[PDB]
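A.B. asks: Pasting an experimental structure with its sequence.
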Amino acid sequence: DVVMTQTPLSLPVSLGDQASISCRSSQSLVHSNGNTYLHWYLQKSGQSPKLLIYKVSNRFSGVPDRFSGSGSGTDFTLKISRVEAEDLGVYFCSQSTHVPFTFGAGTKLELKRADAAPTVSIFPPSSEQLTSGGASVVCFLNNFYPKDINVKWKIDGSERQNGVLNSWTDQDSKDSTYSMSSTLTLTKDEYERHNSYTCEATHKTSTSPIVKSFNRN
Amino acid sequence: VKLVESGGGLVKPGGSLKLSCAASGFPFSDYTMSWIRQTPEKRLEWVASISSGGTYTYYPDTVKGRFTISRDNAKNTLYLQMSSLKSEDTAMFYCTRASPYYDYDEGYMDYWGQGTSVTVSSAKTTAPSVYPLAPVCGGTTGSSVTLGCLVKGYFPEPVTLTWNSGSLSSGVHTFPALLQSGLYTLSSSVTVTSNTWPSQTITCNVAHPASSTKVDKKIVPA
Amino acid sequence: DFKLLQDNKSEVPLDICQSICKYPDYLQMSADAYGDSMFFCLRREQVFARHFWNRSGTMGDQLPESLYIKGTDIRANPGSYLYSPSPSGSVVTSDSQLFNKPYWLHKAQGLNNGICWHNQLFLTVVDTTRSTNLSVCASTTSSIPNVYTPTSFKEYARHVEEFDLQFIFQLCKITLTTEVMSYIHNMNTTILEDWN
Amino acid sequence: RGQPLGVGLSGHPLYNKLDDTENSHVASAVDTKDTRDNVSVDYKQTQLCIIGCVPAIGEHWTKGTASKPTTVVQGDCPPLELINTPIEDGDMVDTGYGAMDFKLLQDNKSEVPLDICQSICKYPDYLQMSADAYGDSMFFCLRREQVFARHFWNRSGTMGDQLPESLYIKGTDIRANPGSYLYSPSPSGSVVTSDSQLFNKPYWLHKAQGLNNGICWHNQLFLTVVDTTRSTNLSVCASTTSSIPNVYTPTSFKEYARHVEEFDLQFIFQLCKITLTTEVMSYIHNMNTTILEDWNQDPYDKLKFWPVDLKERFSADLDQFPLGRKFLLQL
C-alpha cells in the first residue's frame, strides 16, 4: 500500500561530518489519532536491525544525542550531527500508521575514502573441474574505491554476456575498500574452441580500462 | 532481554513449516508480538502481528492465506505457521516485540531476535564441488601473489569460509554466493607474499552441513 | 493505608489521601478470651454510590481478551476499566441518632462484665452525623470597600466537635482467695502489682 | 463478616449502550460505527444464607438443546432451558441482569459487565429445595434482596424479532427503520445500611423447613452465603519510576483494583443418638446406603468448595466463646 522513498540509497560520508537521510511517504502518515507513526531503524552488517527512533522524533533508550529525527506529514528527515565509526550500516525508514506496516528500502551509510585502483587477477579452470566437463574462468577485482565498477569478458575477441556471474562484497571493516568477483562458466567444448581469454575492468580511477588477459600458455 | 528464533530449516516449495521464538526478560504475555522478514535482496518486510493475547492477529494481503501467527503465553513463545510457501517467501525471519497491552499498537518494534533463515526451492541438497585457483604463468610475480578457491554447485546455504584451518585470514575476500538455475556459486580470494607460496601450503576448507560433507582442498601451482 | 498504597496522592480526598482508615475488628474483639477490648458496642453505618467515575493511569492488570471483542480497530487500546464510585451517607436524621441516649450495661458480650481494671476506661466513638463545616472569611483590606472581588477576601474552613461524657459506676469487692488472685496474676500481674 | 459496609462498581469499557431511552434530550447515536460506551454500574443488593448437609441447589437459564432434529439458521434465537446445578464456591449471583449463562447466550461479550460477561449467574431454587422430600439441601434459609432501575438504555445490533406493524405508525418517511426496541436497564442496589444487615447475628435452628431437622449426615455441613453489602474495592497504584518526580502524568502510575472478603464462621452442635432398630436403619438404607456404610470415595469433590476443618476446633466449654455464651442465654 504505502510506499517509502529514501534519499539517497548510499550516503558516503567522512567521520565528524553531518549526515542527512530523507524519507517520503505516499500518504499523510498522520493517524486518525494524536501522533504520527514513522520510525527509523539501524541494521549493522550481519546483525539484526535495531530500533533507532520511534514516532518521528523520539530517541530509543541508549541512542546518542547526535541522532535527531524531524519532519511531518509526508516529508521526514534524519540528521546525524557527528558521524562516528560505529554508525555505519543500513538505515531503514518504517511506517506503521496505515496497515500494512511498510518500510523500505535501505540506506547504506558508508565511509568516504581516497580513490584506489582495483587489483585484478585471472584464474583459468582448474584441472579438477575440466574432468567434470565444465570450465570456469574467475576474475578477482580486489580493493578498489569507489563502489562503481564494470567488467567485460572477451573471447577472443568478442564480448560474451551469456555466462558471467558477478558478486560484490560490502565495505571491508579494514580501510573501507570494495571488492568484486566475476566467474564466467562455459562448457569444456566451448573452452577448447578458443585460445585467448580476456577480463577487462573499467573503473572510475584514471585512466581508461585496466586489462588482464591470458592465452592457453 | 532475549528473543531467540528457532525452527526449523530449508524446505520444499508448497510445504508447511513452523517457526518458534523464545522470549526472556520481560512479561511476554503483556506485549504484542510480530514477525518481520528480510528478503535475500536485503529489504525488510512486515509479515505478521499478534495481540498480547492470541485472539487478534493481522497480516498483509500478500500472506493472508498461507501464514498463521500464534503464541503460547504460558510457555512465553511466539509461533509462525507457514504453509504452501512459494519461492518468493525466502527470507531471514525475525521475531520482534511491539507495544504493550496498555498502549495502542504503535507499530514500532524495539527489540529484535537473532533471526532464522528459511528458503523454499525445488532444488535438492547437493554437495559442493571445490576447485583451486592458481596462476598459470607469472608477470610481476612479486608483491604480491593471490590465490583462490571456488565453491561451485551446492545447495542449500551456508558453507564455511576458512583458509588453512582458521589460520591466515588476512587479506581474504570471501564473496557472497550467487544463485543460478537453483544452484549456488561462491568464490574466495586470498593474498599472500609471493615468496611465501608455494613454499608453504595454502588450503581452503569448505564444509557443507546440509549434505553432511567436509572437504579441504590445497592449491597447487599446476 | 492510603499513604502507602497510593503513591498518586490523588485517589481519595485530602482527608485521607495521606492517612490510614481503620475499621474496628469486631470479629477479633468479640473472640477475645477475656473480653477486655470491648464489652459494649453500638454500630450503625450507611452508604450508597452517588456518582460513577473512571481512574486515569495505566492499567497494571491486563484485561483478559476473553471478556470482550475489540471491534474493527483491531489495534485499539481498551479504555480504563478501574471504576471507583463516590460514596454518600444519604440522609442524616435524628430518628437514626445513636447518642444523647442513656445505655445501661447489664450483661457484657465478653467475660469481663464492665470491670474497669487499673481504674481506667477507654471510650471509642465515631459520629459523622454532625459533619457540617463552618466557613469563616475575612477581608484583606482593613475595612472592605463595598465591591466584591475574590482577591479581597480570605476563606477558611473550620470544624467543631462537642462531647459530654456521663457514667454510672458501681463499687465492687474481690475476695483475694487462692485459685483466685493466681487467676488474676495469670490475667495481669500489674493488677496485683498496683494493689497489694 | 469483617470488612466495613460499602458499595462497589462493576463495569465494561465496551458496554453495549446505544441511546439513553429515559429522558435524553442530548442527542441520538448513529448505528454504523462501534457505538459501545464505557459503562459502570452498581449491582443489585443481595444477602442470602442457606444451611444444609448437601450443597444447595441453584437454577439458571442456558442455551437449551435443539427442540427437534431440526436444522436452525445461524443467528436465530436459541431455545432457553432452565437448569438446576449444585451451587459451588465462586459461582456468580444474580446481579440485576437475570440468572443465566451469559457466556452461552450472549456472543456479544458486551451486554453485561466484566464480572459476569463470561460467567453464569445462579439463583437459589428455593421452590425446589423446599419441595425436597428429605430436606437435606436446605433446613435454614435467609434471603434479603433489593434492586431498582437507575438508567434506561438501548441495545445496538440488528433486531432479531420483527416489530409487528400493528403496534405503530411509520410516519411520512414510509422507509423509516424502526429504532432499537430492546431496552435493558442499569440495576442499582440503593443504600446499604446496617439496619438491613443480615449477618453478625446469632441464629438458632429449632424447627427446620424440611423433615431433616438440622442433622449433619456424614459429619459435614454445607453453608452457602452471599453478602454484597461489603462490595467496596481497594484501589492500589504504584509508580513506574523508582521514586516519583513531584510531577503527575497518567503514564507514570500503574493502577490495580483489589477486593477483600472476610468471614468468621461459628456453630453450636448437639450430640444425638440413633437406635439402630429394624424399620429404622432400613429407612436409613432407603435414604442413603452410604450412611450405614460409613457407620458399622465422595461425589462432592468434583465440585469446588471452601474447606473448613472443625475436627480440631470442637469444644464443650461453651462459655469460652461468644456464640457459646449467646447460646447459654437459652437454658
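C.D. replies: Yes, it's here. Numbers count the residues shown, from 1 in each chain, chains lettered A, B, ... in the order given.
A.B. asks: any idea how chain B splits into domains?
C.D. replies: Following curated CATH domains, one gets these domains for chain B: B:1-123, B:124-222.
A.B. asks: Same list, these, but as a markdown table with distance to residue A:136 and mean neighbour count please.
C.D. replies: Any C-beta I mention is one placed from the backbone N, CA and C, and that applies to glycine too. Output for these, formatted as a markdown table (distance: least, Cβ to Cβ, whole Å; neighbours: other Cβ atoms under 10 Å in any protein chain shown):
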| stretch | distance to residue A:136 | mean neighbour count |
| --- | --- | --- |
| domain B:1-123 | 19 | 18 |
| domain B:124-222 | 7 | 17 |
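A.B. asks: excluding its backbone neighbours, what's nearest the residue sitting furthest away from the middle of chain C?
C.D. replies: Most distant from the centre of chain C: residue C:72, at 48.4 Å, with distances by Cα atoms, centre = their mean. Distances taken as Cβ to Cβ, 6 or more residues apart in numbering or on different chains place residue D:34 nearest to residue C:72, at 6.6 Å, with adjacent residues excluded.
A.B. asks: correct me, but that neighbour touches residue C:74?
C.D. replies: No: between residue D:34 and residue C:74 there is no contact under Cβ atoms under 8 Å: 11.6 Å.
A.B. asks: buried sites along the longest strand along chain C?
C.D. replies: Ordering each strand of chain C by length in residues (DSSP state E) puts strand C:46-54 first. Across strand C:46-54, burial judged by 16 or more other Cβ atoms under 10 Å in any protein chain shown covers C:46, C:47, C:48, C:49, C:52.
A.B. asks: what's that strand in contact with?
C.D. replies: The contact list for strand C:46-54 (Cβ atoms under 8 Å, 6 or more residues apart in numbering or on different chains) reads C:79-80, C:82-90, D:5-9, D:11, D:38, D:40-42, D:188-195.
A.B. asks: Ok, stretch A:20-37 next?
C.D. replies: Counting by Cβ under 8 Å, 6+ apart, A:2-8, A:11, A:38, A:40, A:55-56, A:71-80, A:91, A:93, A:95-98, A:107, A:109, B:104, B:106-108 sit against stretch A:20-37.
A.B. asks: out of those, which are inside strands?
C.D. replies: Using DSSP E, the contacts of stretch A:20-37 in strands are A:4-7, A:11, A:38, A:40, A:71-72, A:75-80, A:91, A:93, A:95, A:107, A:109.
A.B. asks: List only those of these flagged as buried.
C.D. replies: A:4, A:6, A:11, A:38, A:40, A:71, A:76, A:78, A:80, A:91, A:93, A:95, A:107, A:109.
A.B. asks: related to what we said a few turns ago, and the buried residues of strand C:46-54, which is closest to residue B:10?
C.D. replies: residue C:52 (58.7 Å; Cβ to Cβ).
A.B. asks: need the next SSE after whatever helix or strand residue A:191 lives in, C-terminal direction.
C.D. replies: Taking DSSP states H and E as the criterion, residue A:191 maps to helix A:188-192. Following helix A:188-192 in sequence order, the next helix or strand is strand A:197-203 (DSSP H and E).
A.B. asks: okay, the angle between the helix or strand that comes right after that following strand and strand A:197-203?
C.D. replies: Note on strand A:197-203: by DSSP H and E, the next helix or strand toward the C-terminus is strand A:210-214. Compare the direction of strand A:210-214 with that of strand A:197-203 by axes from the mean of the first three to the mean of the last three Cα atoms, to 10 degrees and you get 170 degrees.
A.B. asks: what about strand A:210-214, near chain B?
C.D. replies: Yes: Strand A:210-214 reaches chain B (Cβ under 8 Å from any Cβ of the partner chain) through residue A:214.
A.B. asks: What are the structural domain limits within chain A?
C.D. replies: Here the domain parsing of chain A from curated CATH domains is A:1-113, A:114-216.
A.B. asks: between the ones you listed, which gets nearest to residue B:20?
C.D. replies: Across these, closest to residue B:20 is domain A:1-113 (Cβ to Cβ), at 16.5 Å.
A.B. asks: Please report phi then psi for the closest residue to residue B:40 other than its chain neighbours.
C.D. replies: Excluding the flanking residues, the one nearest residue B:40 by Cβ to Cβ, 6+ apart is residue B:90, at 5.8 Å. Main-chain torsions, residue B:90, degrees, to the nearest 10: phi -70, psi 130.
A.B. asks: Tell me who's in contact with residue 8.
C.D. replies: Looking at chain A here, since you left the chain open. Per Cβ under 8 Å, 6+ apart, neighbours of residue A:8: A:21, A:107.
A.B. asks: hm, I was asking about chain C
C.D. replies: Counting by Cβ under 8 Å, 6+ apart, residue C:8 has contacts C:57, D:237, D:248, D:253.
A.B. asks: The same query, at a cut-off of 10 Å, please.
C.D. replies: Applying Cβ atoms under 10 Å, 6 or more residues apart in numbering or on different chains to residue C:8 gives the contacts C:2, C:17, C:55-57, D:235-239, D:244, D:248, D:250, D:252-253, D:255.
A.B. asks: Include distance to residue A:64 when you put the domains of chain B into TSV, please.
C.D. replies: Shown next, in TSV, are the domains of chain B (distance: least, Cβ to Cβ, whole Å):
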stretch	distance to residue A:64
domain B:1-123	17
domain B:124-222	31
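A.B. asks: For residue A:67, find the nearest of those domains.
C.D. replies: Residue A:67 sits nearest to domain B:1-123 of all the domains of chain B, at 15.0 Å, using Cβ to Cβ.
A.B. asks: Go ahead and measure how far stretch C:135-150 is from the middle of the chain.
C.D. replies: Here stretch C:135-150 is found 37 Å from its chain centre; the criterion is Cα atoms, centre = their mean, to the nearest Å.
A.B. asks: Actually, stretch C:188-196.
C.D. replies: Using Cα atoms, centre = their mean, the offset of stretch C:188-196 from its chain centre is 34 Å.
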